[PDB]
Structures are given as C-alpha cells and as structure tokens.
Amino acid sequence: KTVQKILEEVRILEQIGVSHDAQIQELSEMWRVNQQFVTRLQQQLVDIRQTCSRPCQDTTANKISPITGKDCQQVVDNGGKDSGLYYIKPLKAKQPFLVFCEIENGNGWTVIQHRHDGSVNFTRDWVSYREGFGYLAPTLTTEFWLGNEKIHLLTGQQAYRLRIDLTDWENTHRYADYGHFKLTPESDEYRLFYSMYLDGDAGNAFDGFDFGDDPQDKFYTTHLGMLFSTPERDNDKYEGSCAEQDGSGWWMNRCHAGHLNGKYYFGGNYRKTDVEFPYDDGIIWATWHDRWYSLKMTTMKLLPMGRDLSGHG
C-alpha cells in the first residue's frame, strides 16, 4: 500500500512521458508542415502580385487608328479601311482632333453630329458648342456635337457634301444632302451655308417648309444663311430666342423646319397634349414628319464634294 504505488506511479509518468513525448513529435511535424505551407504561400504572393500589376486595357483607346488626313476621306486615301475613330487635321486646324469616320464604298464620311438615345444633354452654351461635347466611340452609337470651330475649319478647307441620316421609331432611314456645306468663322457667328439640296428622300427641310399656320412658313423656317444660336446667345430672326425655347444651340431663324439638336423625346412622337405651351423643340425634320415627332437616330456627316456618282445622269 506504501511502496506498492511508488512502483506503479512510475509506470504512469514513465508512460505519460511517452504520450507527452508523442504529442511533441506530433507538434513539430504539424509546425514543420506549416513552415512549408507559409513558404509555398509566400511564393504564391510573389506570383499573384506580378500577375496583378498590369492595368486594364483601354480597348476603346486601342481602337483609334494611327492613320490620319485632312478629313476622313484623306484617311481612307491613306489606308483607312474600317469605320471608327481617327485623328484628322484640317488645314488651319492648330491641333489634330479625334472624329468618327464612316467608311463606305471607299468614302471617308467624317461625322459632325449624331443623336442616338437622348443620353447627352444638348442644352449647351456657345463655347460648349464651338469646342464640342458628347462622346465618341468605335461604333457611332454615342451622341455628340463635334464642334463648331472644327466644323468650320473642316468645311472651309474644301467643298463638302453634307449628309443627314434620320431614323424614325418604326426604324425607317431616309436622308438629305446639301452641297458645298460649310460654316462661317465665329466672327460671323457660325452661319450655315450650302449651295443647294443635292438630293434625298427626306425632304429639303433647310430651304424651308410650309406649315399652313402662317403666310411665311417656308421663310420662317429657312435655315440657309442662318447664324448659329444657343440658349444664351440669340442670333435668330425672332423677337425671342428659338435657341432658348427649344433649349439647344442651332442655326435658328423664325425658329426651325429642321432641328437635329432638339430635346430627345423617347417613343414615337412627343405631343402638345394638355397644352402647357407650344414649343416643338424635339428632334424634327418637317419634310418627313410633323414638328411633333422627335426622331430616334440622327447623324450629320461630311464628305468631299469631289466624290461619288458625280458623273452619272
């Protein structure tokens, strides 16, 4: 009972000390594996850290061709094959600019304006209209106004044929053409000018359109010769500001027969329902729809007068 346990207890601590010495070997192995783990993980860091150093690719910027020219045509004349963004430098242009070139059967249509989904507020000031605003992209599904100054430089460089492509909500595409299109320098505001309506199944809304509401409709809506006006700069032939009424710079006369910078009303055609007041600001082109039918798409492209079926009559 005395030295009886004094021999057995030994068997215990002399035993526990082997179980106590079994877990120690068990830990050093568990810890050793961890040192490995931490290392195999200290490298994965050095790896992922490198793989994640590269920035994103600016695809849009990656689709801006290196080709150039006086305008989009010269661009095609220099290798331009597909429609997209390119830098062009008109003659007196001091700094080449980005523009969207539309390339057809070998033609460099240099886009001036485009309407697409009323996502760009076109109610901008003068300086804003002369500098440009809106967005350019690789597909022309963005809205913008290149800029009055550029447009001036571009057009006063050669003889350009302006084309207007309108599109209704039923998705119909008609067009209008104007030769020798151009704008006078900011000196004389940015007056509109062209030789004549060259052709088009969209109707000459520029020379004017009769409405029957007054005696001088075709005169009250003739854009030819009209200066450029914007919300804060009335240059129209109307006591008030047609620019401020419709809220969007444009060549205003006794207002308009063709307004492509008007407010973008979604759906078929906006109306004067519940007459809050007249105002037919919307994107219209009389000769193809009442002044109460804002168009879905719009584009004003320029092409050197010296091109196409010029000799085919």
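Just count from 1 along the sequence shown to find any residue number.
Looking at mean Cα B-factors across 230-238 and 142-150, the upper value is held by 230-238. Higher mean CA temperature factor between 71-79 and 199-207: 199-207, per the PDB entry.
Ranking 172, 107, 128, 184 by the C-alpha B-factor listed in the PDB entry places 172 at the top. You'll see in the entry that, of 159, 243, 136, 164, the Cα B factor peaks at 243. Remark: residue 305 belongs to the middle third of its chain, ranked by C-alpha B-factor as recorded. In this PDB entry, residue 114 carries a Cα temperature factor that places it within the lowest third of its chain's modelled residues. Per the PDB record, residue ranking by Cα B-factor puts residue 66 in the lowest third of the chain. In this PDB entry, the Cα temperature factor of residue 295 sits in the middle third of its chain's modelled residues. Residue 42: CA B factor lies in the middle third for its chain, per the PDB record.
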